[PDB]
Amino acid sequence: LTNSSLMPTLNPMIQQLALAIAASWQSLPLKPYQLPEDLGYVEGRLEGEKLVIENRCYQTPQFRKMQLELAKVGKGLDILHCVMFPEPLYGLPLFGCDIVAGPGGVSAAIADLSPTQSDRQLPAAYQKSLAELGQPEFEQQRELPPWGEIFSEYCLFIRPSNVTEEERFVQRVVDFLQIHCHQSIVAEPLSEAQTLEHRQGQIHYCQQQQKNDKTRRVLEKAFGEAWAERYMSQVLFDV
Ligand SMILES: C=CC1=C(C)/C(=C/c2[nH]c(/C=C3N=C(/C=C4\NC(=O)C(C)=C4C=C)C(C)=C\3CCC(=O)O)c(CCC(=O)O)c2C)NC1=O
Ligand SMILES: [Cl-]
Ligand SMILES: [Cl-]
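Further remarks concern helix 3 (residues 163–186). With 24 residues, helix 3 ought to run about 34 Å at 1.5 Å a step, and its terminal C-alpha atoms sit 35 Å apart, in line with that. Sitting at the amino-terminal end of helix 3 is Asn162, which places a side-chain oxygen 3.2 Å from the backbone nitrogen of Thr164. Count one or two residues on from helix 3 and you reach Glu188, which has phi positive near 60 degrees.

The next point concerns the site of ligand 1. Around ligand 1, a shell composed of 25 residues is seen, among which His81, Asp98, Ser107, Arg142 and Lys214 lie nearest. Here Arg142 contributes a side-chain N or O atom positioned 2.9 Å from an oxygen atom of ligand 1. Isolated, ligand 1 exposes 850 Å² of accessible area, and the fraction of that covered by the protein chains is 91%. Of all the elements in the fold, those that place two or more residues in the shell around ligand 1 are strand 5 (77–86), strand 6 (94–102), strand 7 (105–114), helix 4 (192–209) and helix 5 (213–223). A class-by-class count of the residues in the shell around ligand 1 yields 16 nonpolar, six polar and three charged.

Attention shifts here to the pairing of strand 4 (residues 63–73). Summarising burial for strand 4: 11 of the 11 residues are buried, a large majority. The sheet contact formed by strand 3 (residues 51–59) and strand 4 spans eight bridges and is antiparallel. Within strand 4, the position partnered with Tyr58 by the bridge is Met66. Hairpin geometry of strand 3 and strand 4 is characterised by an intervening segment of three residues between the two adjacent antiparallel strands. By the bridge criterion, 10 bridges tie strand 4 to strand 5 in an arrangement that is antiparallel. Paired with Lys72 across the bridge in strand 5 is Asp78. The turn joining strand 4 and strand 5, which pair antiparallel and follow one another in sequence, is formed by three residues; a positive phi near 50 degrees is taken by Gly74.

Here is the key point about a regular strand: its side chains alternate between the two faces of the sheet. Judged by how many residues are buried, strand 5 sits mostly within the fold: nine of 10 residues are covered. Judged from the seven bridges that link them, strand 5 and strand 6 form a sheet pairing that is antiparallel. By the bridge assignment for strand 6, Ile79 is matched with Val100.

Mapped onto the fold, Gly134 is located in the loop between helix 2 (124–132) and strand 8 (156–158). When the C-alpha atoms of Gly134 and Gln16 are compared, they prove to be 22 Å apart, with 118 residues separating the residues in sequence.

Looking now at the nonpolar core. One broad trend across soluble globular proteins is that nonpolar side chains are buried collectively. One finds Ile21, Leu80, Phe95 and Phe169 to be the most contacted residues of the largest nonpolar core, which totals 40 residues. Taken together, the elements giving at least two residues each to this core come down to helix 1 (12–25), strand 4, strand 5, strand 6, strand 7, helix 2, strand 8 and helix 3. Sequence-distant contacts of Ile21, that is, excluding residues within four places in its chain, are made with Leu68, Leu80, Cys82, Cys97 and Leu177. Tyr33, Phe85, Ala108 and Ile150 belong to the second largest nonpolar core, which has 31 residues in total.

The rules behind these values
- Entry numbering is not used for residues: they are numbered from 1 along each chain in the order the sequence is written, which may differ from it, and residues without coordinates are omitted.
- Key to labels: chains lettered from A, ligands numbered from 1, both in the order written.
- As a convention, hydrogens and water are excluded, and side-chain values are obtained from all of the structure's heavy atoms.
- Working definition: helices are DSSP H or I runs of at least four residues, strands are E runs of at least two. Numbering for both runs from the N terminus.
- One less than the number of residues in a helix, times 1.5 Å, gives the span that helix is expected to have.
- Residues adjacent in sequence count toward polar contacts only when both atoms are side-chain atoms; beyond that, a polar contact is any pair of N or O atoms within 3.5 Å, and within protein one must be able to donate a hydrogen and the other to accept it.
- A molecule or strand has a residue near it when one of that residue's heavy atoms lies within 4 Å.
- Surface accessibility follows the Shrake-Rupley procedure with a 1.4 Å probe radius. Residue values consider only the protein chains on display as shielding.
- Residues were grouped as follows: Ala, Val, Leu, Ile, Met, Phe, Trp, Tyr, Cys and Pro as nonpolar; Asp, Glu, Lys and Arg as charged; and all remaining residues, including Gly, as polar.
- Here the term buried applies to any residue with accessible area under 20% of the maximum for its type, exposed to any over 50%, and partly exposed to those in between, with areas from a 1.4 Å probe on protein chains only.
- Strand pairing requires that DSSP identify at least two bridges connecting the strands.
- The set of buried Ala, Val, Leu, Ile, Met, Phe, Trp, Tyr and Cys residues whose side-chain atoms join them within 4.5 Å is what this entry labels a nonpolar core.
- Residue contacts follow a heavy-atom distance rule, with two residues in contact if any of their heavy atoms lie within 4.5 Å.

In structure tokens, the structure reads:
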């Protein structure tokens, strides 16, 4: 991220989270994952503000696709997007987060380890480790939209009320990542039937994420409907 031209210009909480995700991934057995058209930097404008996106994407033997996206609309709107898609073979949940900020501060901060099992439960080891963290206190909880049924009971979705809350949220994401990295080492490869069940969970996650009109409208205002549909369905949430 020392290469990133966006990084210095993003909201501080976004910068801290980007750093924490990069630190988590840094020493993994990474290889690039080529996004469609080998996408890296992209920008677009139509009738309004310009949208700029830096797309980073990797894979490891355990993670089919690990994506970190940093974006800015004009000077008014900063976004961090991250998903780790695991190889269904290993039955790991989906780490994801999304942070949206403007000049007033962070408006939305979401993070989760989302289930892929048909029973919509996290694996037992994750349930146990996540419970041990204790329920965080946040002053300004937000209720997930209907498509958000995909998220676990541990999902965070807040407007951070102050710096203390910003730092508490980032630390909980660091904690989720530490659990996830550890559980990735200690799983326990699954049956062919179980592998299928997990693959299905991931497809469902992607289909539901594509119902988010908040993302879609930002993309559409800069690039148009067709571009946004391709980006959401082929670049971000590839089924
Ligand atoms: C890549 C480009 C990208 C854009 C343009 C983007 C925009 C974006 N996401 C938003 C919300 C949101 N974003 C998410 C969740 C996610 N979204 C995700 O991409 C992932 C991985 C999760 C969860 C792990 C949720 C649940 C909301 C709230 C939606 C709503 O209020 O309707 C919002 C509304 C913010 C607010 O209401 O304060 C915007 C503008 N997010 C992006 O990621
Ligand atoms: Cl909905
Ligand atoms: Cl508008």
